[PDB]
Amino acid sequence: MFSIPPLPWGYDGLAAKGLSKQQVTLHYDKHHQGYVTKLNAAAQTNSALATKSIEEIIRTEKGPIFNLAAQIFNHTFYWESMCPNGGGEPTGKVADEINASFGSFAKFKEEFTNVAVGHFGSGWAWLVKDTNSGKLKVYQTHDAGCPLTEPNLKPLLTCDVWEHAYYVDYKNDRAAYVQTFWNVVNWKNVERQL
């Protein structure tokens, strides 16, 4: 049956950097695990699904079943995109590729910030590498939208901007939440996805 990996850094791992044990706990135990529970129920009454992976489902299914699998993938990628020892600017190959695609880190950061803060309704802000060209791009998905449906767009980083991701700690202030996201970006994970 479907399961998800534990938080890489534990329920309180980001508390000192502005995502509280309580915010993270609700987000993981209620929202993320809830999607897993719902997908497992759906597989009992849709036998085709029991043999598909999360990724296979995202690529081949649509509607509510897609939303469950995609939300599972997106949330796991989101926790892996954050780290208590992250933040600041990337170095090495990640820095090189960001500079080549966006001009500078500051320009990349402005574009991602404005997309993340400006996304209307529930969604996800992404950094992706478009393997059609090699160029990095800022990209947003709506609701459970997942870059895997556009197979050229390799995911590097995501920030959940569903209100449930930040409302506990930040209430309506998504801008403040995104500033916090920058303080915890896991550049090591981004480098692994290149």
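One rule holds for the numbers: they count along the sequence shown, beginning at 1.
Chemist: For the stretches 43-51 and 153-161, which has the higher mean C-alpha B-factor as given in the deposited record?
Modeler: The recorded data point to 43-51.
Chemist: Check the entry's C-alpha temperature factors for 85-93 and 108-116, then say which stretch has the higher mean.
Modeler: Averaging CA B-factors over each stretch, the winner is 85-93.
Chemist: Going by the entry, which of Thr37, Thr141, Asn67, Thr60 has the most elevated CA B factor?
Modeler: Out of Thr37, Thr141, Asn67, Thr60, the record gives the largest C-alpha B-factor to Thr60.
Chemist: If you rank the chain by CA B-factor, which third does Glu56 end up in: lowest, middle or highest?
Modeler: It belongs to the highest third of the chain when residues are ordered by C-alpha B-factor.
Chemist: Lowest, middle or highest third: which one holds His32 when the chain's residues are ordered by CA B-factor from the entry?
Modeler: Lowest third of the chain for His32's C-alpha B-factor.
Chemist: Ordered by C-alpha B-factor within the chain, which third holds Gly134? Give me lowest, middle or highest, please.
Modeler: Highest third.
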